[PDB]
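S.K.: First the structure, then my questions, so here it is.
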Amino acid sequence: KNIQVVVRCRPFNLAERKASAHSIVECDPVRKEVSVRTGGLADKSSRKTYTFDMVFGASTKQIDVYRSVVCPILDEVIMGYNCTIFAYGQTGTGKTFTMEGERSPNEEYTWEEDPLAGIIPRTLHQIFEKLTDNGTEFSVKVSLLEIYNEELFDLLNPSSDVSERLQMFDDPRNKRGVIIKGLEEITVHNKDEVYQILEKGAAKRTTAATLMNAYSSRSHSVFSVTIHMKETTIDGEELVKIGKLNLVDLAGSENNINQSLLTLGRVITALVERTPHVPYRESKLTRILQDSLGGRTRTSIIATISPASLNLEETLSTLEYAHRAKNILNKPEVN
Ligand SMILES: Nc1ncnc2c1ncn2[C@@H]1O[C@H](COP(=O)(O)OP(=O)(O)O)[C@@H](O)[C@H]1O
Ligand SMILES: CC1(C)CC(=O)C2=C(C1)NC(=S)N[C@H]2c1cccc(O)c1
Ligand SMILES: [Mg+2]
Ligand SMILES: [Mg+2]
């Protein structure tokens, strides 16, 4: 069963508009196609076109990505599957905007109604909504694990400084599993605990960016939500579901050495070509997320692109990479 791949183009910023930039990207949501102008001036051109599971043009709003991509995944998480969503693309294209979003300016909104909110805050908000009173008892735990230069950092441990690296071990009770020693899991007890947890992470990040060169563009971040669920039948028996969701904001795909990024692409290549050795163990990212790449987790990729002709080569590079990734076969199953 193919993983899901979608594409999102960012809108032009002030600078580009001021320059009367014209888009080289066309997304047709009916055909589910992205089409890129690769040459030719006005009245005759070359184009490259690619079909994906969905396509989101530059005017697409957060709410629409959330309804289309995330809603059905969260439903699956709530059924007790593990899911992963990746954001993939060059720096500046909207990976973080998609996975996190931002605040609407001038304190126009509370966080729960901000139309610029992204996947993470909307998902956490929605979990409490969907499970308010349906007879499922539940707890929600989050962790935020980052990988930079092949070291692991915990962005939510409030009593460790950002300099302290975690260690990873194989998890003996699990072929596909690792243990991250020391990784804080924070219980989010209700919707009114969410925002401040997101705040503490962001502050812990600022610090990281100060210590580590080009941190925000070279790091991979894995924001995990684990939902432990318990139903009681009419006969008093207990039904347990556990769902895990990984929300991954990857390092920029552009262009010193990102071992985890290089390995991710080599993992995809091995999977699509069906070669029997898949090099998961060659990087921390791919050991942690091994079950997401041709294993038992339902995976989606959101590949983010630019409308600007300056970014032509990296745009094509992302589309090609994303398009190949569609042939990855996963076998989701209940926990
Ligand atoms: N769909 C969008 N709508 C409005 N602004 C966007 C969108 N996508 C990206 N941006 C803006 O583009 C800039 C870079 O986006 P960012 O999320 O940091 O990209 P990345 O994480 O891929 O480097 C930011 O100013 C962000 O606000
Ligand atoms: C609260 C912050 C300091 C700044 C910020 O915009 C975000 C943060 C950190 N983190 C989340 S994951 N995305 C966004 C976010 C969170 C909630 C609502 C929103 O519109 C955006
Ligand atoms: Mg980013
Ligand atoms: Mg990142």
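Identifiers for the structure tokens are assigned positionally: chains receive A, B, ... in sequence, residues are indexed from 1 per chain, and ligands are indexed from 1 in the order shown.
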Skipping near chain neighbours, those fewer than 6 positions away, what residues fall within 12 Å of residue 129 (chain A) using only C-alpha atoms, listed as a short mmCIF file (atom, residue, chain, number, x, y, z; two decimals) with N, CA and C atoms, in the first residue's frame?

M.R.:
```cif
data_model
loop_
_atom_site.label_atom_id
_atom_site.label_comp_id
_atom_site.auth_asym_id
_atom_site.auth_seq_id
_atom_site.Cartn_x
_atom_site.Cartn_y
_atom_site.Cartn_z
N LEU A 74 -5.47 11.63 11.48
CA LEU A 74 -5.68 11.66 12.92
C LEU A 74 -6.76 10.62 13.28
N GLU A 112 -6.01 28.97 19.33
CA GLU A 112 -6.91 27.95 18.81
C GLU A 112 -7.78 28.33 17.63
N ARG A 122 -3.10 22.46 15.46
CA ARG A 122 -4.46 22.04 15.09
C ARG A 122 -4.69 20.62 15.50
N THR A 123 -3.71 19.75 15.31
CA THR A 123 -3.91 18.35 15.67
C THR A 123 -4.13 18.17 17.17
N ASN A 190 -5.08 18.69 28.96
CA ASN A 190 -6.26 19.23 28.30
C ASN A 190 -5.81 20.28 27.26
N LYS A 191 -6.73 20.83 26.46
CA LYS A 191 -6.35 21.75 25.40
C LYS A 191 -5.67 22.99 25.96
#
```

S.K.: When you look at residue 70 (chain A) with a cut-off of 9 Å (counting only C-alpha atoms), what residues show up, excluding the ones that are within fewer than 3 positions of it in the same chain? I need them as a PDB file with N, CA, C and O atoms, in the first residue's frame.

M.R.:
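Done, and the output landed in result_10.pdb:
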```
ATOM      1  N   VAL A  65      -5.174  22.262   4.166  1.00  0.00           N
ATOM      2  CA  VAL A  65      -4.187  21.200   4.284  1.00  0.00           C
ATOM      3  C   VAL A  65      -4.610  20.329   5.435  1.00  0.00           C
ATOM      4  O   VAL A  65      -4.534  19.112   5.371  1.00  0.00           O
ATOM      5  N   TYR A  66      -5.099  20.945   6.490  1.00  0.00           N
ATOM      6  CA  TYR A  66      -5.426  20.184   7.674  1.00  0.00           C
ATOM      7  C   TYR A  66      -6.605  19.251   7.385  1.00  0.00           C
ATOM      8  O   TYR A  66      -6.512  18.027   7.598  1.00  0.00           O
ATOM      9  N   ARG A  67      -7.709  19.805   6.878  1.00  0.00           N
ATOM     10  CA  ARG A  67      -8.870  18.962   6.492  1.00  0.00           C
ATOM     11  C   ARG A  67      -8.523  17.832   5.539  1.00  0.00           C
ATOM     12  O   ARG A  67      -9.029  16.722   5.694  1.00  0.00           O
ATOM     13  N   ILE A  73      -5.705  11.192   8.709  1.00  0.00           N
ATOM     14  CA  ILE A  73      -4.616  10.583   9.449  1.00  0.00           C
ATOM     15  C   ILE A  73      -4.915  10.554  10.945  1.00  0.00           C
ATOM     16  O   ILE A  73      -4.655   9.553  11.620  1.00  0.00           O
ATOM     17  N   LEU A  74      -5.471  11.634  11.479  1.00  0.00           N
ATOM     18  CA  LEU A  74      -5.680  11.657  12.916  1.00  0.00           C
ATOM     19  C   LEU A  74      -6.765  10.617  13.281  1.00  0.00           C
ATOM     20  O   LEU A  74      -6.643   9.914  14.264  1.00  0.00           O
ATOM     21  N   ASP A  75      -7.792  10.505  12.449  1.00  0.00           N
ATOM     22  CA  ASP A  75      -8.793   9.458  12.590  1.00  0.00           C
ATOM     23  C   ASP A  75      -8.154   8.085  12.664  1.00  0.00           C
ATOM     24  O   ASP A  75      -8.523   7.279  13.512  1.00  0.00           O
ATOM     25  N   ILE A  85       3.810  12.060   9.309  1.00  0.00           N
ATOM     26  CA  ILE A  85       3.826  13.077   8.271  1.00  0.00           C
ATOM     27  C   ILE A  85       5.193  13.774   8.223  1.00  0.00           C
ATOM     28  O   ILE A  85       5.670  14.296   9.253  1.00  0.00           O
ATOM     29  N   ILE A 119      -0.054  22.222  11.355  1.00  0.00           N
ATOM     30  CA  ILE A 119      -0.491  20.870  11.624  1.00  0.00           C
ATOM     31  C   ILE A 119      -0.441  20.527  13.109  1.00  0.00           C
ATOM     32  O   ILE A 119      -1.429  20.049  13.654  1.00  0.00           O
ATOM     33  N   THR A 123      -3.709  19.750  15.310  1.00  0.00           N
ATOM     34  CA  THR A 123      -3.910  18.346  15.668  1.00  0.00           C
ATOM     35  C   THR A 123      -4.128  18.173  17.173  1.00  0.00           C
ATOM     36  O   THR A 123      -4.988  17.408  17.610  1.00  0.00           O
TER      37      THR A 123
END
```

S.K.: Set the cut-off to 10 Å, count only C-alpha atoms and all ligand atoms, and list whatever residues fall near ligand 3 as a PDB file with N, CA and C atoms, in the first residue's frame.

M.R.:
```
ATOM      1  N   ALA A  87       7.509  16.762   6.239  1.00  0.00           N
ATOM      2  CA  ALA A  87       7.609  17.931   5.367  1.00  0.00           C
ATOM      3  C   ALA A  87       8.994  17.952   4.728  1.00  0.00           C
ATOM      4  N   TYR A  88       9.046  17.978   3.395  1.00  0.00           N
ATOM      5  CA  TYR A  88      10.284  17.837   2.610  1.00  0.00           C
ATOM      6  C   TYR A  88      10.374  18.940   1.530  1.00  0.00           C
ATOM      7  N   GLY A  89      11.535  19.574   1.420  1.00  0.00           N
ATOM      8  CA  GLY A  89      11.737  20.646   0.454  1.00  0.00           C
ATOM      9  C   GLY A  89      12.838  21.592   0.869  1.00  0.00           C
ATOM     10  N   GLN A  90      13.188  22.528  -0.010  1.00  0.00           N
ATOM     11  CA  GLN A  90      14.313  23.416   0.258  1.00  0.00           C
ATOM     12  C   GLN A  90      13.925  24.450   1.272  1.00  0.00           C
ATOM     13  N   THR A  91      14.933  24.880   2.011  1.00  0.00           N
ATOM     14  CA  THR A  91      14.788  25.981   2.933  1.00  0.00           C
ATOM     15  C   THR A  91      14.119  27.166   2.272  1.00  0.00           C
ATOM     16  N   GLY A  92      13.132  27.724   2.958  1.00  0.00           N
ATOM     17  CA  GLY A  92      12.420  28.858   2.438  1.00  0.00           C
ATOM     18  C   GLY A  92      11.141  28.456   1.743  1.00  0.00           C
ATOM     19  N   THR A  93      10.794  27.168   1.718  1.00  0.00           N
ATOM     20  CA  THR A  93       9.623  26.785   0.913  1.00  0.00           C
ATOM     21  C   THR A  93       8.322  26.535   1.662  1.00  0.00           C
ATOM     22  N   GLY A  94       8.413  26.481   2.987  1.00  0.00           N
ATOM     23  CA  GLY A  94       7.238  26.333   3.849  1.00  0.00           C
ATOM     24  C   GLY A  94       7.119  25.024   4.600  1.00  0.00           C
ATOM     25  N   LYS A  95       8.240  24.406   4.936  1.00  0.00           N
ATOM     26  CA  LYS A  95       8.147  23.183   5.708  1.00  0.00           C
ATOM     27  C   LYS A  95       7.619  23.519   7.099  1.00  0.00           C
ATOM     28  N   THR A  96       8.252  24.493   7.734  1.00  0.00           N
ATOM     29  CA  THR A  96       7.932  24.830   9.111  1.00  0.00           C
ATOM     30  C   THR A  96       6.557  25.534   9.167  1.00  0.00           C
ATOM     31  N   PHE A  97       6.292  26.376   8.184  1.00  0.00           N
ATOM     32  CA  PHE A  97       4.982  26.967   8.056  1.00  0.00           C
ATOM     33  C   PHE A  97       3.865  25.930   8.001  1.00  0.00           C
ATOM     34  N   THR A  98       4.084  24.851   7.247  1.00  0.00           N
ATOM     35  CA  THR A  98       3.106  23.780   7.169  1.00  0.00           C
ATOM     36  C   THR A  98       2.974  22.998   8.472  1.00  0.00           C
ATOM     37  N   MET A  99       4.091  22.607   9.073  1.00  0.00           N
ATOM     38  CA  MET A  99       4.054  21.679  10.201  1.00  0.00           C
ATOM     39  C   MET A  99       3.752  22.399  11.484  1.00  0.00           C
ATOM     40  N   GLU A 100       4.197  23.653  11.607  1.00  0.00           N
ATOM     41  CA  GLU A 100       3.959  24.454  12.807  1.00  0.00           C
ATOM     42  C   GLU A 100       2.940  25.571  12.548  1.00  0.00           C
ATOM     43  N   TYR A 215      21.221  26.218  12.544  1.00  0.00           N
ATOM     44  CA  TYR A 215      20.406  25.194  13.201  1.00  0.00           C
ATOM     45  C   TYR A 215      19.039  24.909  12.556  1.00  0.00           C
ATOM     46  N   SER A 216      18.225  25.937  12.325  1.00  0.00           N
ATOM     47  CA  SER A 216      16.833  25.723  11.913  1.00  0.00           C
ATOM     48  C   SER A 216      16.742  25.139  10.501  1.00  0.00           C
ATOM     49  N   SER A 217      17.804  25.263   9.731  1.00  0.00           N
ATOM     50  CA  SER A 217      17.679  24.797   8.375  1.00  0.00           C
ATOM     51  C   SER A 217      18.394  23.442   8.197  1.00  0.00           C
ATOM     52  N   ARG A 218      19.257  23.076   9.153  1.00  0.00           N
ATOM     53  CA  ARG A 218      20.050  21.843   9.064  1.00  0.00           C
ATOM     54  C   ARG A 218      19.561  20.748   9.998  1.00  0.00           C
ATOM     55  N   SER A 219      18.657  21.082  10.920  1.00  0.00           N
ATOM     56  CA  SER A 219      18.167  20.104  11.878  1.00  0.00           C
ATOM     57  C   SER A 219      16.929  19.404  11.343  1.00  0.00           C
ATOM     58  N   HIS A 220      16.660  18.204  11.849  1.00  0.00           N
ATOM     59  CA  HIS A 220      15.390  17.512  11.620  1.00  0.00           C
ATOM     60  C   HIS A 220      14.695  17.515  12.965  1.00  0.00           C
ATOM     61  N   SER A 221      13.392  17.771  12.975  1.00  0.00           N
ATOM     62  CA  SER A 221      12.688  17.732  14.248  1.00  0.00           C
ATOM     63  C   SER A 221      11.549  16.756  14.135  1.00  0.00           C
ATOM     64  N   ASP A 249       9.585  17.707  10.659  1.00  0.00           N
ATOM     65  CA  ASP A 249      10.021  18.852   9.869  1.00  0.00           C
ATOM     66  C   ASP A 249      11.478  18.611   9.483  1.00  0.00           C
ATOM     67  N   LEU A 250      11.736  18.179   8.252  1.00  0.00           N
ATOM     68  CA  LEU A 250      13.076  17.737   7.851  1.00  0.00           C
ATOM     69  C   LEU A 250      14.033  18.921   7.588  1.00  0.00           C
ATOM     70  N   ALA A 251      15.338  18.657   7.685  1.00  0.00           N
ATOM     71  CA  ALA A 251      16.344  19.542   7.144  1.00  0.00           C
ATOM     72  C   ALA A 251      16.043  19.943   5.704  1.00  0.00           C
ATOM     73  N   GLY A 252      16.438  21.159   5.346  1.00  0.00           N
ATOM     74  CA  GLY A 252      16.266  21.599   3.960  1.00  0.00           C
ATOM     75  C   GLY A 252      16.979  20.689   2.992  1.00  0.00           C
TER      76      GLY A 252
END
```

S.K.: Quick one: DSSP alpha helix (DSSP H) residues in region 14-171 of chain A, as a PyMOL selection string?

M.R.: chain A and resi 14-18+62-65+71-78+95-99+119-130

S.K.: Which residues are near residue 186 (chain A)? Cut-off 12 Å, only C-alpha atoms, ignore same chain within fewer than 6 positions. Put them as a compact mmCIF listing (two decimals) with N, CA and C atoms, in the first residue's frame.

M.R.:
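The result, written out as result-v5.txt:
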```txt
# COMPACT_ATOMS: atom_id res chain seq x y z
N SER A 139 -5.13 9.51 27.38
CA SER A 139 -4.14 10.52 27.73
C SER A 139 -3.31 10.87 26.50
N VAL A 140 -2.84 12.11 26.44
CA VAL A 140 -2.00 12.54 25.36
C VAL A 140 -0.60 12.90 25.89
N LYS A 141 0.45 12.36 25.26
CA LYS A 141 1.82 12.71 25.61
C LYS A 141 2.52 13.20 24.37
N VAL A 142 3.35 14.23 24.55
CA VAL A 142 4.15 14.75 23.44
C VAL A 142 5.66 14.71 23.71
N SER A 143 6.45 14.54 22.67
CA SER A 143 7.87 14.79 22.81
C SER A 143 8.41 15.49 21.57
N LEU A 144 9.53 16.17 21.72
CA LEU A 144 10.06 16.91 20.62
C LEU A 144 11.56 16.65 20.58
N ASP A 154 16.74 17.30 23.00
CA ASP A 154 15.39 17.25 23.53
C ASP A 154 14.96 18.68 23.73
N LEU A 155 13.99 19.14 22.95
CA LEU A 155 13.55 20.51 23.04
C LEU A 155 12.47 20.76 24.08
N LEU A 156 12.12 19.75 24.87
CA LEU A 156 11.06 19.96 25.85
C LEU A 156 11.46 19.63 27.28
N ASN A 157 12.68 19.17 27.51
CA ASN A 157 13.12 18.95 28.88
C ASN A 157 13.45 20.28 29.56
N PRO A 158 12.64 20.67 30.56
CA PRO A 158 12.75 22.03 31.08
C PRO A 158 13.91 22.14 32.05
N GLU A 193 -3.42 23.24 28.13
CA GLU A 193 -1.97 23.08 28.35
C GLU A 193 -1.11 23.14 27.11
N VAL A 194 -1.74 23.10 25.93
CA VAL A 194 -1.00 23.00 24.67
C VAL A 194 -0.05 24.17 24.37
N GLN A 196 1.47 26.63 25.85
CA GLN A 196 2.64 26.90 26.66
C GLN A 196 3.72 25.84 26.42
N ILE A 197 3.33 24.59 26.18
CA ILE A 197 4.30 23.57 25.80
C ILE A 197 4.95 23.95 24.47
N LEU A 198 4.15 24.32 23.47
CA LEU A 198 4.71 24.81 22.21
C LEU A 198 5.65 26.00 22.43
N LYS A 200 7.62 26.69 25.16
CA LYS A 200 8.85 26.23 25.79
C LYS A 200 9.77 25.57 24.80
N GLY A 201 9.21 24.76 23.91
CA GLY A 201 9.97 24.24 22.79
C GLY A 201 10.63 25.33 21.96
N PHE A 223 8.26 15.83 16.14
CA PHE A 223 7.27 16.11 17.20
C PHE A 223 6.32 14.91 17.23
N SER A 224 6.32 14.18 18.35
CA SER A 224 5.52 12.97 18.49
C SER A 224 4.34 13.21 19.44
N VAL A 225 3.21 12.61 19.08
CA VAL A 225 2.00 12.62 19.89
C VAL A 225 1.65 11.13 20.04
N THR A 226 1.55 10.67 21.29
CA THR A 226 1.09 9.34 21.61
C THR A 226 -0.23 9.48 22.36
N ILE A 227 -1.25 8.81 21.83
CA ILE A 227 -2.57 8.82 22.48
C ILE A 227 -2.90 7.41 22.98
```

S.K.: Between CA of residue 41 (chain A) and CA of residue 10 (chain A), what distance in Å does the model show, to one decimal?

M.R.: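 According to the coordinates, CA of residue 41 (chain A) and CA of residue 10 (chain A) are separated by 22.7 Å.
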
S.K.: Output the neighbourhood of ligand 2 as a ChimeraX atom specification, that is, all protein and nucleic acid residues with some atom at most 7 Å from the ligand, counting only C-alpha atoms and all ligand atoms.

M.R.: /A:99-104,111-112,114-118,120-121,195,198-199,202

S.K.: Extract the full set of strand (DSSP E or B) residues from region 11-209 of chain A according to DSSP on the backbone, and format it as an MDAnalysis selection string.

M.R.: chainID A and resid 25:28 33:39 46:51 54:56 82:88 101 117 136:148 151:154 166:170 178:181 186:188

S.K.: Could you check how far CA of residue 151 (chain A) sits from CA of residue 243 (chain A), in Å to one decimal?

M.R.: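 Calculated distance between CA of residue 151 (chain A) and CA of residue 243 (chain A) is 26.6 Å.
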
S.K.: So, with only C-alpha atoms as the atoms that count, which of A:137, A:43, A:53, A:16 lies closest to residue 302 (chain A)?

M.R.: A:53

S.K.: Have a look at CA of residue 26 (chain A) and CA of residue 44 (chain A) and let me know their distance in Å, one decimal.

M.R.: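 Going from CA of residue 26 (chain A) over to CA of residue 44 (chain A), I get 15.6 Å.
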
S.K.: Using only C-alpha atoms, pick whichever of A:159, A:149, A:38, A:260 has the shortest atom-to-atom distance to residue 287 (chain A).

M.R.: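 Closest residue, counting only C-alpha atoms: A:260.
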
S.K.: When you look at residue 281 (chain A) with a cut-off of 9 Å (counting only C-alpha atoms), what residues show up, excluding the ones that are within fewer than 5 positions of it in the same chain? I need them as a PyMOL selection string.

M.R.: chain A and resi 263+286-287+290

S.K.: Would you mind exporting the chosen residues as a CSV table (one decimal), in the first residue's frame, restricted to N, CA and C atoms?

M.R.:
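Below you can see result.csv, which holds the result:
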```csv
chain,number,residue,atom,x,y,z
A,263,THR,N,20.9,9.7,4.2
A,263,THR,CA,20.4,8.4,4.4
A,263,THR,C,19.0,8.2,4.0
A,286,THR,N,16.8,7.7,10.3
A,286,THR,CA,16.2,6.6,9.6
A,286,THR,C,16.1,5.4,10.6
A,287,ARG,N,16.9,5.3,11.7
A,287,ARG,CA,16.7,4.3,12.7
A,287,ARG,C,15.4,4.7,13.5
A,290,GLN,N,12.3,4.3,11.1
A,290,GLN,CA,12.4,3.1,10.3
A,290,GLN,C,11.0,2.5,10.0
```

S.K.: Using only C-alpha atoms, which residues sit within 10 Å of residue 169 (chain A) once same-chain residues fewer than 5 positions away are excluded, as a list in words?

M.R.: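 Non-adjacent residues within range: residues 177, 178, 179, 180, 181 and 287 of chain A.
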
S.K.: Can you tell me, as a list in words, what residues are no more than 10 Å from residue 325 (chain A) when counting only C-alpha atoms, ignoring any on the same chain fewer than 5 positions away?

M.R.: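 Close residues of residue 325 (chain A): residues 2, 3, 4, 5, 265, 268, 269, 271, 272, 293, 300, 301, 319 and 320 of chain A.
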